[PDB]
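[1] Structure of the sequence below:
(5 chains)
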Amino acid sequence: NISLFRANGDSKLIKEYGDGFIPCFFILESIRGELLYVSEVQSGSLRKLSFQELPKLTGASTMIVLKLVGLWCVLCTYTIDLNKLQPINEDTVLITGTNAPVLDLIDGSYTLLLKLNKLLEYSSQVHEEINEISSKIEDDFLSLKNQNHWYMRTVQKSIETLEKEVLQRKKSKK
Amino acid sequence: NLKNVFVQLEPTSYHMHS
Amino acid sequence: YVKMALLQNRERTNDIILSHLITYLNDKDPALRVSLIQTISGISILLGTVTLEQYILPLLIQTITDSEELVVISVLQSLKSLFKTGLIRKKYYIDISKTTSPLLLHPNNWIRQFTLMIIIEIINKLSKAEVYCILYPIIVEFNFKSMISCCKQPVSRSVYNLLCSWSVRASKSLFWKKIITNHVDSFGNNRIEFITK
Amino acid sequence: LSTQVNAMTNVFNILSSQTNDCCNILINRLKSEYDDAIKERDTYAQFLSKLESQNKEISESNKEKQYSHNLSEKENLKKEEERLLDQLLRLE
Amino acid sequence: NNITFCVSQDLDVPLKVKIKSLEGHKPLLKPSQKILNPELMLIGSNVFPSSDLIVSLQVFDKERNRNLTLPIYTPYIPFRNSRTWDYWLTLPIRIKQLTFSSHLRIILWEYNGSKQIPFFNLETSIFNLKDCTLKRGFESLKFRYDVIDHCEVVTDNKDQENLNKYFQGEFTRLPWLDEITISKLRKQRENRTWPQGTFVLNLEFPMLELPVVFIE
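    Numbers count the residues shown, from 1 in each chain, chains lettered A, B, ... in the order given. Let me share the structure:
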């Protein structure tokens, strides 16, 4: 199956040891099968209310870890498990938690043996299509060497002859 | 025939108003 | 007080909001202020559209989250194409500013697909805005073909060859201005008849 | 691909999966459309390669010809390319 | 319009300036764009942008190096038409408010290329040493990168044209021949010079009356 991850945003007050402004970056981690996810946002001060609205993708079996960190100090660390979530279910998870800072971050969580392998096979087919795209790019690149460049230089030469006619005309008038 | 032409812009006064 | 001075109308305060937007980094609050400045940009698009240009040029310094508003900003650029020529140059400044840091490839691909087509104007600033198309293309082969479809340059190779391409793209907008006069004359004429052939 | 297949086999072997969509179908449609577009680009690249080779070549001498021609042309162009600048700068 | 001497607090409202002409250097496209040349392979190498000259105005304060007046900028027509405007512009500081210590400044910002638009700089004085603000009159200026200024020769002739505005003793037939002097000022277009690193601009700010200035 699949568990949809969509974060509404982060609205809170976050402070650090050193005084400075940093861009809000929402980190999203998973246990297995998925990759490292991130979300870009701009606040810069202690207290802020922001909305991410950046769709993310993760594996079926995994635990979504949403940790707000400035871009640098860590704002908040929130853990979320899809183990409690059921199939074909869509809801929202609002995590209010405090480590250094006392913060709040709203992140929604939705959902979407043979079917999984079929999906992975489809993605693999898409990958083969990407390799075919690399082959097409290789075809278009290996198609021809510099050609139209000599036509541009030829246009420059035409401008040179035109400049010769202009200089000859100026010489005539002179 | 056609009427008076329509300009695309108009000049400021700044003269008699001064 | 900031929103009050911004809502005040005394257009000098609007220009004073530039330094406000510059130092706004201290304020991490919501986009409500930018929404008030957006409504101010609409009311400016009503009367003070020349000043709306300068404000919008400075408004590109927002650098804030929720990139979904940048689409409405692009629509605000299409709305900036309305009348003021200064708004065109300002939208070109915003075009380069957006060219520096992108957001969504496809939406901006179609966007720039229309914009580069509208960039063929012979205006001095229009050429500058037309030069950003090459910088956009930098960030490949499929895009090269898709761009080659609308490409007006047969001899185009690279950035320098693109400069030679723009050099071969030289045109006169005087007859285009007269054509615009013919368009306004057509607007003064009767378009009532939809018949053809 | 193969790694995910082996992992799937290990999932159907070393343990028992109790679990038995929209993003998958959407990715499938997107991959299909992208396959069609890449097919059009493949036809365009077919015509482009047709203009590239310009001959059947019997595919026995094709490699050697493709190796020699490009080298000869590339060795040929640089001379004139560097030659025009002399006259241009001369007049200028 | 009437000439008369009227002091700072005595004078009422804020200043305004009409600006018109320039001097083509002829080194580039007439807009001072891109530095045109047959060597333009280098222009592709130097990435030389084509800049359409526009202008901006703000006043350096008192020569105390503080900041007072407002930067202001107008729309864009051909600077290859040499951008002859005679366009008025203003800011919000009255003459009563205006400190006799004050100076004008201007920056010509062209429109060049990707993230590119040019910049040129100049400065001058607001009122006379006789306290009359630019004699409330027409003028012409010249400026380089730094430490440059304006003179009066043909601009002194133009200043005599401002003496026609300054109400030297005048008559009605003299006015008709002042239409003939519109033909003469039309003839004044014959001017020629080819300097570099510096430029000239024709800027008239004739008012009705001669200002004077003091403290509040």
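[2] And stretch E:87-105, end to end?
    17 Å (Cα to Cα, to the nearest Å).
[3] List the buried residues for that stretch?
    Neighbour-count burial for stretch E:87-105, with 16 or more other Cβ atoms under 10 Å in any protein chain shown as criterion, is recorded at E:87-89, E:91, E:93, E:95-96, E:98-100, E:102-105. The way it works is simple: take the backbone N, C-alpha and C, and place the C-beta from them, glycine included.
[4] Tell me how far the residue lying closest to residue E:134 once chain neighbours are set aside lies from chain B.
    The shortest distance from residue E:134 to any non-neighbouring residue, by Cβ to Cβ, 6 or more residues apart in numbering or on different chains, is to residue E:205 (5.5 Å). Spatial separation of residue E:205 from chain B under the definition Cβ to the nearest Cβ, to the nearest Å is 10 Å.
[5] Spit out the contact partners of residue E:205.
    Residues counted as contacts of residue E:205 (Cβ atoms under 8 Å, 6 or more residues apart in numbering or on different chains) are E:16, E:17, E:18, E:134, E:136, E:137, E:138, E:139.
[6] Let me know the secondary structure of the closest residue to the first one other than its chain neighbours.
    So that's residue E:16. Of all residues not flanking residue E:16 in the chain, residue E:90 sits nearest, at 3.7 Å (Cβ to Cβ, 6+ apart). At residue E:90 the chain is in strand, as set by DSSP: H, G, I helix; E, B strand; the rest coil.
[7] Residue E:90 contacts residue E:14, doesn't it?
    Yes. Contact criterion Cβ atoms under 8 Å: residue E:90 and residue E:14 qualify, at 6.1 Å.
[8] For chain B, what lies in contact range of chain E?
    B:12, B:14, B:15, B:18 (Cβ under 8 Å from any Cβ of the partner chain).
[9] rerun at 10 Å
    Contacts of chain B with chain E, taken as Cβ under 10 Å from any Cβ of the partner chain, map to B:9, B:11, B:12, B:13, B:14, B:15, B:16, B:18.
[10] Assign a three-state SS to the residue of chain A found nearest chain E, would you?
    Of all residues in chain A, the one sitting closest to chain E is residue A:163 (5.5 Å; Cβ to the nearest Cβ). Judged by three-state DSSP, the three-state class of residue A:163 is helix.
[11] Any figure for the gap between the closest residue to it other than its chain neighbours and chain B?
    Of all residues not flanking residue A:163 in the chain, residue E:38 sits nearest, at 5.5 Å (Cβ to Cβ, 6+ apart). Taking Cβ to the nearest Cβ as the measure, residue E:38 falls 37 Å from chain B.
[12] What ranges does chain D have for its helices?
    Using DSSP state H, the helices found in chain D span residues D:2-11, D:22-53, D:62-91.
[13] With chain A instead?
    Using DSSP H, the helices of chain A run over residues A:114-142, A:148-173.
[14] repeat for chain C
    Under the criterion DSSP H, chain C carries helices at the ranges C:2-7, C:12-22, C:32-46, C:49-59, C:68-78, C:85-100, C:105-117, C:124-130, C:132-138, C:141-150, C:159-167, C:174-187.
[15] Please identify the deepest-packed of the ones you listed.
    Ranked by mean neighbour count under mean count of other Cβ atoms under 10 Å in any protein chain shown, the helices of chain C are led by helix C:124-130, which reaches a mean of 25.
[16] Output that one as PDB, restricted to C-alpha atoms.
    Taking C-alpha atoms only, helix C:124-130 is exported to PDB below (Å, rounded to 0.1, in the frame of the first residue of the first chain):
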ATOM      1  CA  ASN C 124      15.300  48.100 -24.800                       C
ATOM      2  CA  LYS C 125      14.100  46.400 -21.600                       C
ATOM      3  CA  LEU C 126      12.200  43.800 -23.500                       C
ATOM      4  CA  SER C 127      15.500  42.600 -24.900                       C
ATOM      5  CA  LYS C 128      17.000  42.400 -21.400                       C
ATOM      6  CA  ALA C 129      14.000  40.300 -20.300                       C
ATOM      7  CA  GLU C 130      14.400  38.200 -23.500                       C
END
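[17] Spell out whether it and chain E are in contact.
    Yes. Judged by Cβ under 10 Å from any Cβ, helix C:124-130 and chain E are in contact via C:124, C:125, C:126, C:127, C:128, C:129, C:130.
[18] and that helix, how far out from the chain's middle?
    11 Å (Cα atoms, centre = their mean, to the nearest Å).
[19] for that helix, packing partners?
    In terms of contacts (3 or more Cβ pairs under 10 Å, 6 or more residues apart in numbering or on different chains; DSSP states H and E), helix C:124-130 is packed against helix C:85-100, helix C:105-117.
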